[PDB]
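*Asks:*
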Amino acid sequence: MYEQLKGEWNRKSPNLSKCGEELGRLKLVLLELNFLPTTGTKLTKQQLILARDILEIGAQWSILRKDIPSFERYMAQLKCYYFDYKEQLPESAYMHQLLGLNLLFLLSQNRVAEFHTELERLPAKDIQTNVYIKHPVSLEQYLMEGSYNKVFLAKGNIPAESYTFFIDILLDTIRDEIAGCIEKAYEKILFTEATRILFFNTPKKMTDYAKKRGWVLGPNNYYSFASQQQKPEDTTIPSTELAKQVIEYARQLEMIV
Amino acid sequence: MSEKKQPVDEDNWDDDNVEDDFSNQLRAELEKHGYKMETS
Amino acid sequence: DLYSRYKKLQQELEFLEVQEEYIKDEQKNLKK
Amino acid sequence: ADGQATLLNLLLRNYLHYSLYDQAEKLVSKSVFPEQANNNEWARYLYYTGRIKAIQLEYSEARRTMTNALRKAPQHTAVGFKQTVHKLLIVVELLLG
Amino acid sequence: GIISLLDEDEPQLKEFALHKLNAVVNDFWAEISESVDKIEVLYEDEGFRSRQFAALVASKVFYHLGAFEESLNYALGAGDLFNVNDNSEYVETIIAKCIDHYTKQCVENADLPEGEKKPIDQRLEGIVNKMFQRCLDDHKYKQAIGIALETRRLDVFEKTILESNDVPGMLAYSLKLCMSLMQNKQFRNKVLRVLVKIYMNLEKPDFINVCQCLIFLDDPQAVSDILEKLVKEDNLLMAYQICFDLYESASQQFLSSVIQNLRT
Amino acid sequence: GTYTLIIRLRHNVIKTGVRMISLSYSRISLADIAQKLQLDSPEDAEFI
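So the protein lines, in turn, are chains A, B, C, D, E and F.
Residues in the first sequence are numbered from 1 upward in steps of one, following the authors' numbering.
FYI, in the authors' numbering the residues of the second sequence are 1 to 9, 40 to 70.
Residues in the third sequence are numbered from 39 upward in steps of one, following the authors' numbering.
Residues in the fourth sequence are numbered from 244 upward in steps of one, following the authors' numbering.
Residues in the fifth sequence are numbered from 7 upward in steps of one, following the authors' numbering.
Residues in the sixth sequence are numbered from 390 upward in steps of one, following the authors' numbering.
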């Protein structure tokens with residue numbers, strides 16, 4: 001039934017000499033039939049239910065090898081497969097953990113506009129059911145407000161699969177965020193309080209942050225250069241801009257338009 | 001007149047702002063003052 | 039004929055363009 | 244005239260109600276302006292694209308084309324779409340304050 | 007969703023990708039419209055075996071987005087596969103670009119075609135007369151007279167005097183309609199000087215038009231040449247309306263200049 | 390059909406609240422605002 005694949009797909013073959021044959025196996029799919037959604041012949045599903053199971057697992061090992069551009073390649077093709085109104089499996093043991101997995105990595109892509117346009121495809125599966133997708137939408141919601149601890153209580157609660165490469169980018173985009181938000185109007189902080197606001201006990205990682213930005217390494221002190229003094233007393237910036245605007249008042253006042 | 005091609009389907043304002051304030055806060059605030067004198 | 043249907047019709051856009059520019063002169067010239 | 248207008252509201256009517264691309268397309272659609280659409284198909288035209296900027300997080304730009312979609316409307320009473328825009332117009336203003 | 011597989015570097019996926027870029031060219035037309043335009047990269051990468059159909063779908067997608075010349079330069083460089091299909095509502099979209107761009111190019115080339123001339127593609131000039139051959143053979147000569155002026159070319163207008171439409175008075179009442187809408191003296195005299203050396207080369211040489219044109223053209227020796235033929239023919243009856251229309255219309259200085267060529 | 394818009398108002402309630410509290414009270418403990426906003430935690434009361 002033209003498979004050539006059912007021996008080494010479930011067991012870990014990490015970046016071995018299968019993926020070149022595997023893509024060449026997927027090349028031989030294209031000579032038989034297109035990956036056009038096959039509007040006719042609904043009974044023949046071996047091009048649809050047996051061929052998409054290759055394409056969803058082909059997205060799965062893309063993230064273990066840290067392959068970011070080819071990761072969204074397979075995931076966009078899966079999105080074009082559940083667009084089909086032809087009756088398929090409604091889901092499997094993977095569809096939540098792949099569609100909401102795209103929700104979790106596009107979170108890390110720092111593009112919030114595409115984060116909320118997925119929400120058309122599942123209205124009820126966010127709060128009242130489908131708890132494994134309730135967890136990513138509640139996560140970025142907690143990243144929206146100031147809440148940081150309850151974010152990492154969700155980093156104590158990863159129920160579905162590993163999610164390892166995603167929360168580590170979510171580590172990294174919080175690390176510069178607190179190293180950003182250490183720069184507020186704070187007083188002297190000793191080398192324990194803001195030393196433990198991220199996670200760390202006392203490595204030299206604090207010297208990486210304390211020499212990246214200010215809050216100078218001293219006798220158990222974070223020095224505050226809370227100046228915010230240089231910018232005011234600007235008459236000229238109105239005096240250039242308003243002199244433009246007052247002439248614009250006289251344009252639509254006297255001369256016929 | 002009055003068509004709207006359908007594709008799909040004072041006396042009131044000041045108290046509404048006053049309904050906003052004491053919506054769920056001390057409606058009949060009448061007797062707690064009798065009970066706050068011996069406490070406070 | 040059909041060839042005259044466009045050549046004579048572009049001929050008056052030539053002729054129309056002056057007139058709106060012309061009264062544009064007289065909105066201010068009569069005021070002075 | 245009036246072919247640029249009605250063929251785009253009737254293009255949107257389930258493209259909003261689907262997740263198909265259709266929203267950055269209507270950004271790069273040149274047919275945003277038919278420039279005159281008989282005061283009733285024009286009035287809800289700013290509404291159907293008014294929800295588009297709302298649903299993809301464009302807040303402050305949306306509330307002015309929600310308001311313009313409300314005040315170009317006729318004098319009827321059984322108005323259940325006006326029942327919808329009067330709901331939606333100040334959803335996005337709760338998002339702003 | 008086929009836009010993601012445009013970096014394979016095995017070329018056979020690209021011909022499998024362009025197999026879907028024609029029949030469903032209206033729904034994910036939304037998608038690959040402005041975000042991805044990587045046609046021109048493989049168009050320039052020396053494979054080739056493709057870049058033919060690749061310029062079609064960009065001639066499709068930049069057309070509706072107002073980038074007509076971006077479609078048109080791809081419509082030029084696409085070759086045969088762009089022009090193999092003309093049974094649609096799309097052939098009206100492309101000849102209203104190209105021939106309109108052609109005639110607004112040739113007006114500039116009516117001024118100065120010599121020196122810094124434009125790179126006239128052979129497809130840019132070869133579908134002009136081909137569609138004009140579609141006009142010569144589809145029985146319409148109220149428009150075969152039309153584009154033959156609109157090409158702003160002398161000899162193809164001279165070519166169509168012998169066509170599948172006979173000459174009782176067609177190409178003779180054309181100049182009656184051409185003199186009225188006659189734009190300048192620059193395009194006028196060049197066309198008018200070749201039409202009347204073939205009127206003498208016609209079967210029955212018409213005499214009032216060859217005089218009316220010549221005073222518009224100011225050849226004070228050429229009417230004396232065809233007067234010499236009428237002296238050679240020796241009948242003053244047909245040597246009459248060539249002469250009193252010459253006296254009635256022409257200038258005094260023209261009649262005082264042509265008289266040297268009559269007495270010699 | 391508006392629920393996905395309604396669910397994100399919790400960010401706007403708390404920014405309305407923190408403007409209301411900072412305009413009302415001048416010198417307020419951060420271990421008092423959380424009990425008034427029923428946040429159940431002062432350790433993120435610094436964080437909002």
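Ideal placement from N, C-alpha and C gives every residue a C-beta, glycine not left out.
Find the nearest neighbour of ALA154/E within the set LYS20/E, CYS112/E and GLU21/E, judged by alpha-carbon distance.
*Replies:* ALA154/E has its Cα closest to that of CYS112/E, out of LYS20/E, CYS112/E and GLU21/E.
*Asks:* Select from the region 40-60 of chain C all residues with a C-beta closer than 9 Å to any C-beta belonging to chain E, and list them in chain order.
*Replies:* So the list reads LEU40, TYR41, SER42, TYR44, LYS45, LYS46 and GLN49, given in the order they occur along the chain.
*Asks:* Could you tell me how far apart the beta carbons of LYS188/A and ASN221/A are, in whole angstroms, since I believe they sit closer than 8 Å?
*Replies:* That belief holds up - the Cβ atoms of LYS188/A and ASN221/A are roughly 5 Å apart, short of 8 Å.
*Asks:* Check for me: the alpha helix (DSSP H) holding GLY100/A runs from which residue to which?
*Replies:* Note, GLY100/A: alpha helix (DSSP H), 96-108.
*Asks:* Go through its chain and collect everything with a Cβ distance to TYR80/E's Cβ below 6 Å, but skip five positions before and after it.
*Replies:* Excluding positions up to five away in sequence, the list reads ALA61, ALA64 and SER65.
*Asks:* Report the neighbours of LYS148/E on chain C: residues whose CB is nearer than 7 Å to its CB, in chain order.
*Replies:* Result: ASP39, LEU40 and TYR41.
*Asks:* Please confirm if the region 60-67 of chain A is in contact with the region 34-45 of chain A, defined as three or more CB-CB distances below 8 Å between the two stretches.
*Replies:* Segments in contact, no.
*Asks:* Between which two residues does the alpha helix (DSSP H) holding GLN245/A run?
*Replies:* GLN245/A -> alpha helix (DSSP H) spans 236-251.
*Asks:* So, for residue 269/A: in the same chain, excluding its five sequence neighbours on each side, which residues have a beta-carbon less than 7 Å away from its beta-carbon?
*Replies:* Since the first and last residues shown for chain A are 1 and 257, residue 269/A lies out of range.
*Asks:* With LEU300/D and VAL112/A assumed to form a contact (beta carbons below 8 Å), what rounded beta-carbon distance in angstroms separates them?
*Replies:* Rounded, the Cβ-Cβ distance is 7 Å, consistent with contact.
*Asks:* Which partner residues does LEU217/A have in the DSSP bridge list?
*Replies:* DSSP lists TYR222/A as partners of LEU217/A.
*Asks:* Any beta carbon of chain B sitting closer than 8 Å to that of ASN311/D?
*Replies:* Not closer than 8 Å to any Cβ of chain B, the Cβ of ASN311/D fails to qualify, so no.
*Asks:* Is there a Cβ from chain A that is less than 8 Å from the Cβ of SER39/E?
*Replies:* For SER39/E, the answer is no, since every Cβ of chain A falls outside 8 Å of its Cβ.
*Asks:* Does DSSP put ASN93/E in a helix, in a strand, or in coil?
*Replies:* Note: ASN93/E maps to coil in three-state DSSP.
*Asks:* Leaving aside the five residues before and after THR99/E along the sequence, list all residues of the same chain whose C-beta is less than 8 Å from its C-beta, in chain order.
*Replies:* Hits under 8 Å: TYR69.
*Asks:* Taking Cβ-Cβ distances below 7 Å as the criterion, which residues of the region 84-116 of chain E are in contact with chain A?
*Replies:* From the region 84-116 of chain E, no residue has a Cβ closer than 7 Å to chain A.
*Asks:* Check the Cβ-Cβ distances between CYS19/A and every residue of chain E, and say whether any is below 8 Å.
*Replies:* Not one chain E Cβ lies under 8 Å of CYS19/A.
*Asks:* At a CB distance below 7 Å, what residues from the region 136-162 of chain E approach chain C? Give them in sequence order.
*Replies:* Residues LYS148, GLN149, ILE151 and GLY152.
*Asks:* Indicate the three-state DSSP secondary structure (helix, strand or coil) for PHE53/C in the structure shown.
*Replies:* Three-state DSSP puts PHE53/C in a helix.
*Asks:* Can you name, in chain order, every residue of its own chain whose Cβ lies under 6 Å from the Cβ of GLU304/D, other than the five neighbours on each side?
*Replies:* Answer for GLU304/D: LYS296, listed in chain order.
*Asks:* Would you tell me roughly how many angstroms separate the C-alpha atoms of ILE178/A and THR195/A, rounded to the nearest one?
*Replies:* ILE178/A and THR195/A: Cα-Cα distance of roughly 11 Å.
*Asks:* Just mark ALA244/D as buried or exposed, buried being the case when its beta carbon has 16 or more other beta carbons within 10 Å.
*Replies:* Exposed, by the Cβ-count rule.
*Asks:* Just tell me which of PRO277/D, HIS319/D, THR320/D and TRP285/D has its CA closest to the CA of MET309/D.
*Replies:* Per the Cα distances, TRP285/D.
*Asks:* In terms of residues, what are the limits of the alpha helix (DSSP H) holding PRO431/F?
*Replies:* Unbroken run through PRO431/F: none, as it is neither H nor E.
*Asks:* What does the alpha-carbon distance come out to for the pair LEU289/D and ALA73/E?
*Replies:* Cα-Cα distance, rounded: 26 Å.
*Asks:* Do the CB positions of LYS148/E and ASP39/C come within less than 8 Å of each other?
*Replies:* Yes. Within cutoff.
*Asks:* Excluding sequence positions up to five away, which residues of its chain have a Cβ less than 7 Å from the Cβ of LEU428/F?
*Replies:* Counting only Cβ-Cβ distances below 7 Å, and skipping sequence neighbours, we find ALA434.
*Asks:* Strictly under 8 Å for the Cβ-Cβ distance: is residue 5/E near chain D by that measure?
*Replies:* Absent from the structure is residue 5/E, since the part of chain E shown begins at 7 and ends at 270.
*Asks:* Would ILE265/E be called buried (16 or more neighbouring beta carbons within 10 Å of its own) or exposed?
*Replies:* So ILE265/E ends up on the exposed side.
*Asks:* The alpha helix (DSSP H) spanning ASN79/E covers which residue range?
*Replies:* Looking at the DSSP string, the run of the alpha helix (DSSP H) that includes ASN79/E is 74-83.
*Asks:* For the pair the region 58-70 of chain B and the region 13-21 of chain E, tell me if three or more CB-CB distances fall below 8 Å.
*Replies:* Short answer: they don't touch.
*Asks:* Using 8 Å as the cut-off, can you tell me whether the region 7-16 of chain E makes contact with the region 47-61 of chain B, which would need three or more C-beta pairs spanning the two stretches below that distance?
*Replies:* At 8 Å Cβ cutoff, the stretches do not touch.
*Asks:* Pop quiz: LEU220/E and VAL237/E are said to be a contact at Cβ under 8 Å. What is the actual Cβ separation, rounded to whole angstroms?
*Replies:* Actually they are not in contact, since the Cβ atoms of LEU220/E and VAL237/E sit about 17 Å apart, beyond 8 Å.
*Asks:* Within this structure, are the beta carbons of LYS155/A and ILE167/A separated by less than 8 Å?
*Replies:* In contact: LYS155/A and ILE167/A (Cβ atoms closer than 8 Å).
*Asks:* Identify the contact partners of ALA113/A in chain D, using a Cβ-Cβ distance below 8 Å as the criterion.
*Replies:* In chain order: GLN299 and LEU300.
*Asks:* Within 10 Å of its beta-carbon, does residue 258/A have 16 or more other beta-carbons around it, so buried, or fewer, so exposed?
*Replies:* For residue 258/A there is no data in the structure shown, the boundaries of chain A being 1 and 257.
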